[PDB]
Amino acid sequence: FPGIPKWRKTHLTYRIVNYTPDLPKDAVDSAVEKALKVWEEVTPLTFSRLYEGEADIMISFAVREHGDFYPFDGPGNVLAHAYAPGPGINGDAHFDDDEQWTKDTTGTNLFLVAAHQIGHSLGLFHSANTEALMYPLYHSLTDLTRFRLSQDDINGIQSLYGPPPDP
């Protein structure tokens, strides 16, 4: 499609419109926070929070129909979805609350999905690499700590904003 969806800006906001039941809000703010950070660490993109008003990336929690062309389908199949850079609905990320969000590995871990969604919200498509973050099918890490941006994710995203240096 004519033009790689990418922020022509470097300083981006987000607004966590609401929170899931499955976790303590402070657990959700973190996930959302580290997830943003994995992209801050490998590029010059910087992100600020909004507690009102339309933000680039509006994060939220939904179920079934919820305002956009892609309803959720209950437990399983789709876990979330995000939209590439642009005005309005673009940049956004929605998580299906019919999935169980976790800080750990009990099932669907928020940090991990969130982190993949921001890839999309930044301009990343899926990768065909079994080890990468933008791979289309979710996979859980017995140990959250050994978590890293496969160098497949890093280039991909850098090919869009470049290395950290601050552009």
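When you see a residue number, it is the position in the sequence shown, counting from 1.
When the two stretches 60-68 and 41-49 are set side by side, the higher mean Cα temperature factor goes to 41-49. Checked against the record, the higher mean CA B factor of 126-134 and 98-106 lies with 98-106. The entry lists a Cα temperature factor for residue 146 that places it in the highest third of the chain's modelled residues. When the CA B factors of the chain's modelled residues are split into thirds, the value for residue 140 lands in the highest one.
In this PDB entry, the Cα temperature factor of residue 21 sits in the bottom third of its chain's modelled residues, the lowest group.
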